[PDB]
Structures are given as C-alpha cells and as structure tokens.
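Colleague: Sharing a structure, written as structure tokens. Questions coming.
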Amino acid sequence: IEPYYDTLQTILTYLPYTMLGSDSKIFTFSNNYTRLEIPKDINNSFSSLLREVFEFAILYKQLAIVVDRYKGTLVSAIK
Amino acid sequence: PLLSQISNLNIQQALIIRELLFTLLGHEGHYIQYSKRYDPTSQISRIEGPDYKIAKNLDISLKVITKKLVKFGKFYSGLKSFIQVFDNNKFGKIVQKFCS
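Note that the protein sequences, when read in sequence, are chains A and E. Sequence positions in the first sequence follow the UniProt record's numbering and run 138 to 145, 148 to 218. All residue numbers for the second sequence refer to the UniProt record's numbering, where the first residue is 76 and numbers rise by one.
In structure tokens form, the structure reads like this:
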C-alpha cells in the first residue's frame, strides 16, 4: 500500500513531547493552550484518530496550568 | 561543534544533557549562557541567581523542556550565594541557624 497511500513512525517521534503539554515541530499550541493545530500531510483518517488522542494532551495542559497557577495563592484550606 | 550543524535529535539531547549537568550547579555551558543582565558585583543579583539564555538553534521541544529545568540552577546558585552573605555575626543566631 505504501506507493498508493501518502501521509507523514515519525508521528510517534514527536508525539511524547506533545502529550506532556509542550510545543512540537509538527504540533503547535495556540490561544493560551486552548486549541491544537493538526498540520498538513496528515490525511483524514489519521487526523480523526489523533483528535481523540489529543484530548488527553490539551486536558492535561489545562490541569498543569491550573496547578502551576494556584499552587500557593489560594488561602482556603479546602481548595 | 555548532548546535545548528547537528541535525540528529539524539545527539542534541545528549549534548544538552551534558551541558545541563553543569548548569544545574550554576555554571555556564557551551549552549546555555548567562544573561547579560546578571552582574556578579551586585548583591541582589547574586542572591536572586543568574538568568540563563538557551542557544536559538536547539530543537523547540528540547528548548521548552530545558527552559523548565534551568530554574533549578538559578535556585542553587542563589542559595549558595546566600550562605556566603548572611552567615555572619551581625545577622543573628536565627539567620545563622537557617543558613545551616
């Protein structure tokens, strides 16, 4: 199928850095880490699958932002 | 070797790790250098620790990860310079015992 199917193992090379909520050469965050742009040269199927995988990355980034921001600011003991 | 000349990711990672081991102790490296704002003469500059700039040719992901880790060298250098200033008789037993 290789000759008849074109798409960018290379994804798995740069995927761990994106999963940990960090910028990547092929995946870039924007708008205060609220959306992630899937590049060109990722055909329909792979993009549709990644949209499910990238849910973890964005959610974890949001949680890390919250933890880093409210680490020692809140006064209430419960929070 | 120039950082731009190297294109492989593994080589860049190993090089930055080798340079980072010394950076975490407050020393300069070949690819991590002190910011021009850091003046060792000023007391407050030494206490607050030096700020580091990363070479522009590093990979973006490695640059981000390094920018997170660099802060540990800043804290260590600041504490080491704190001991060499606040550990004398004029600052009292409380501050001396804290320096311990």
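A virtual CB, placed ideally from N, CA and C, is assigned to each residue, including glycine.
Within this structure, are the beta carbons of E/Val160 and E/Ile122 separated by less than 9 Å?
Modeller: yes
Colleague: For E/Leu144 and E/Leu78, which I take to be in contact (beta-carbon distance under 8 Å), what is that distance rounded to the nearest angstrom?
Modeller: That pair is no contact at about 17 Å.
Colleague: In three-state DSSP terms, what is A/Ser163?
Modeller: The three-state secondary structure of A/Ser163, taken from DSSP, is coil.
Colleague: I'd like to know if A/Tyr153 contacts chain E, where contact means its C-beta is closer than 9 Å to some C-beta of that chain.
Modeller: yes
Colleague: E/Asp126 and E/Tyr113 - do their beta-carbons sit closer together than 9 Å?
Modeller: yes
Colleague: Put E/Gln108 into one of helix, strand or coil per three-state DSSP.
Modeller: strand
Colleague: Hey, A/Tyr156 and E/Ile140: beta-carbon distance below 9 Å or not?
Modeller: yes
Colleague: Just curious, the beta strand (DSSP E) that A/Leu175 is in, first and last residue?
Modeller: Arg174 to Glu176
Colleague: Where does E/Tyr127 sit, in a helix, a strand or coil, going by DSSP?
Modeller: strand
Colleague: Does DSSP classify E/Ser156 as helix, strand or coil?
Modeller: helix
Colleague: Do we get a CB-CB distance below 9 Å when we pair E/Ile122 with the residues of chain A?
Modeller: no
Colleague: Assign A/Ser186 to one of three DSSP states: helix, strand, or coil.
Modeller: helix
Colleague: Please determine, among E/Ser120, E/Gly167, E/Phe173 and E/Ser136, the residue with the shortest C-alpha to C-alpha distance to E/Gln87.
Modeller: Residue E/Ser136 is the option with its Cα nearest to E/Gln87.
Colleague: Can you give me the Cβ contacts of A/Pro178 inside the same chain, cut-off strictly under 6 Å, excluding the 5 residues immediately before and after it?
Modeller: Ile165
Colleague: Mind checking if residue 176 of chain E is an interface residue toward chain A, Cβ cutoff 9 Å exclusive?
Modeller: What is shown of chain E runs 76 to 175, which leaves residue 176 of chain E out entirely.
Colleague: In this structure, how does DSSP classify E/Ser79 when only helix, strand and coil are distinguished?
Modeller: coil
Colleague: Since E/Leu100 and E/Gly148 should fall inside the 8 Å C-beta cutoff, what is the C-beta to C-beta distance between them, to a whole number of angstroms?
Modeller: 7 Å
Colleague: Just to make sure I have the definition right: I need the residues of chain A whose C-beta is within less than 9 Å of the C-beta of E/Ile140. Which are they?
Modeller: Correct list: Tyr156, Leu159 and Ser161.
Colleague: On the premise that E/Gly153 lies in contact with E/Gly124, defined as a C-beta separation below 8 Å, what is that separation, rounded to the nearest angstrom?
Modeller: Here E/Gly124 really is in contact with E/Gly153; their C-beta atoms are around 3 Å apart, less than 8 Å.
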